[PDB]
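> The structure's right below; bear with me while I get my questions together.
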Amino acid sequence: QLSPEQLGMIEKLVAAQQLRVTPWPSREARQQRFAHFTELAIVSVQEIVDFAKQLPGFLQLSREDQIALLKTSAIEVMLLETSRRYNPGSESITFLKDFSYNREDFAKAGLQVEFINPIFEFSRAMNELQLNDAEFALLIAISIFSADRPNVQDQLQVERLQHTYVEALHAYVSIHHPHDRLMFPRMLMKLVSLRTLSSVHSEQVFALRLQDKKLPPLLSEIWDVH
Amino acid sequence: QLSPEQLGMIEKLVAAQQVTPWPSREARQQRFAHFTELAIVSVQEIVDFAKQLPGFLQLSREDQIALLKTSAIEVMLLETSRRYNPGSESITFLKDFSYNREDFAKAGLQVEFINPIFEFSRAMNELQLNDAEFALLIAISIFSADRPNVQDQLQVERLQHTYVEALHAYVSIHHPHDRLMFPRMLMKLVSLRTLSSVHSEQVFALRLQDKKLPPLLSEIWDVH
Amino acid sequence: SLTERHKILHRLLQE
Amino acid sequence: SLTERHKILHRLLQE
Ligand SMILES: CCCc1c(OCCCSc2ccc(CC(=O)O)cc2Cl)ccc2c(C(F)(F)F)noc12
Ligand SMILES: CCCc1c(OCCCSc2ccc(CC(=O)O)cc2Cl)ccc2c(C(F)(F)F)noc12
């Protein structure tokens, strides 16, 4: 039963979520696609930081824990936001609310099919659930507040915050989906798949190492092992 | 409300679920052999349990193998956490000797993997799950439509729901006042995928130090 | 197939 | 700490 307090936390999550990028165009056209992709990732991270700051509970965590949680959930939130931009008709993803990218365009940007294919498989699967803005917002809050990330200190409070959002989600989905009692769990199970993708990603970041292809400073910081 | 069909399935699973000994460079090898042989016993157990889960044997044999190959480490990890002793901070296998963080490491495991095993078991043990609940996390773990090489993803996902719903209904009987126990149980499946990947680094480490896994464990775990 | 690359597991599923 | 290692992210959090 959605309480008044949950009602208002969710609306703040939804409201919190509502440009110089090297454009999309041979070693020059190749390095530029990568640069376009990597600069979209940087826009997202910046976007994920300002969103987190608005998460009830987030800025009360110690700064270290804030950085511990955004470090590791940044990719999973990027995959969640990619998944909401998926066009099932052409099997592409519309970034910039403008230009559409497909598996092949992902590969031209430097990424490898071992990661591309799962990205699109996950996006396909998230599309079938047809989540709305609140459900995506709450899933992202839930991903960010994972007590088990490497190096989180106050594990207990991070977990307590995650359950509040988990319950808000439970309550909200009982109003949005009053006959399918599986929609709530089907949404949480997607966080399972995102851990796997976050792992496949680390292999992508390592493949970038071995072919000496430099991430820009902000993403090197969060994704490269120093 | 727990249906008769969910009731019967839950008892089927519970009923379904119900070696070189432990001692220099040979000392190391016969601990590893004891440890890897304990796993060989678990993988034989998982395969037998799995065969009794409604829907499992109706999947293509290829999908059964897809499911058991990747989910085994995760199920080995759930079972392991059932056996966690919170007082001694140990895991009791076979019902005699109990193993702790350094027994694991004398048995050849790198500390980057042991620490998560025990920290996951400390967390699992805090929820105080009983048999029926472990049995059903194990079923959901197995029926993951997102495993590499699953073909009928739609039916593996459908089968998983029947178990996820079963657990929902059951936990509402087990824990009628705490609506969070059910998603706290599911969320532990999120952590298991990270431990599954921590385990891939372990297995690759064993390659680097040229350690050899036995036939069944090399089969399901080695990257051929 | 996964089946021909997993002969021990397959036989266990068969027996 | 991670903070010492994550200057850009830390600054995004500060600003
Ligand atoms: C899912 C992974 C996406 C991903 C990259 O981004 C493509 C889409 C970024 S997510 C994103 C960015 C801006 C907007 C805002 C707007 O639409 O305008 C919306 C979204 Cl959703 C860029 C680089 C990498 C890499 C790597 F390793 F090459 F750096 N791994 O994954 C990457
Ligand atoms: C948890 C996984 C720990 C683990 C191993 O643990 C064996 C003990 C946990 S599995 C297990 C075995 C027998 C029983 C028997 C009973 O209860 O009677 C119950 C369980 Cl749960 C053995 C080998 C490896 C490896 C590797 F690399 F060598 F393959 N990585 O992790 C390993």
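We place every Cβ from the backbone using ideal geometry, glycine too, and count neighbours over all the protein chains shown. What follows is calculated from the coordinates using simple rules that are stated; it is not laboratory data.
> At a Förster radius of 25 Å, what calculated FRET efficiency corresponds to the Cβ-Cβ distance of B:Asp178 and B:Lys12, to the nearest 0.05?
Efficiency, rounded to the nearest 0.05: 0.45.
> Express the C-alpha Rg of the protein assembly as shown as a ratio against the empirical globular expectation 2.2 N^0.38 Å, rounded to two decimals.
Computed over Cα atoms of the protein assembly as shown, the ratio equals 0.99.
> Still on this structure, I have one more. Is there a quick way to get the dipole size of the range A:64-198? I mean about its Cα centre, with the Cβ of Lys and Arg at +1 and of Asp and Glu at -1; what is the value in debye to the nearest 20?
Magnitude of the dipole: close to 160 debye.
> How compact and how long is the range A:1-96, expressed as Rg and Dmax of its alpha-carbon atoms in Å?
Computed over the Cα atoms of the range A:1-96, radius of gyration and Dmax are 16.9, 58 Å.
> With +1 on the Cβ of every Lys and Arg and -1 on the Cβ of every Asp and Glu, and nothing else charged, how large is the dipole of the protein assembly as shown about its Cα centre, in debye rounded to the nearest 20?
860 debye
> Okay, next question. If I model a spin label at D:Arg11 and B:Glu201 as a point 7 Å from the Cα along the Cα→Cβ vector, what separation in nanometres do I get?
Distance between the two pseudo-spin positions: 2.9 nm.
> Let me ask another. At 7 Å along the Cα-to-beta-carbon direction for both A:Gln211 and A:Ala29, put a label point, then send me their distance in nm to one decimal.
That separation, rounded to one decimal, is 1.7 nm.
> Hey, if you put +1 on the Cβ of every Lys and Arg and -1 on every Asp and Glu Cβ in chain A, which of A:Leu219, A:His176, A:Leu129 ends up farthest toward the positive end of that dipole?
Working it through, the farthest residue towards the positive pole turns out to be A:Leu219.
> By the gyration tensor of its Cα atoms, with a ≥ b ≥ c the square roots of the eigenvalues, what is the shape of the range B:48-192: rounded for a/c under 1.5, prolate for a/b over b/c, or oblate?
Verdict is oblate for the range B:48-192.
> Using alpha-carbon positions, what is the distance between the centroids of the range B:150-187 and the range A:42-78, in Å?
The two parts, judged by their Cα centres, are 29 Å apart.
> Quick one: length gained pulling A:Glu104 to A:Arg85 fully straight, 0.36 nm per residue minus the C-alpha distance?
Contour length minus the Cα-Cα distance gives 5.2 nm.
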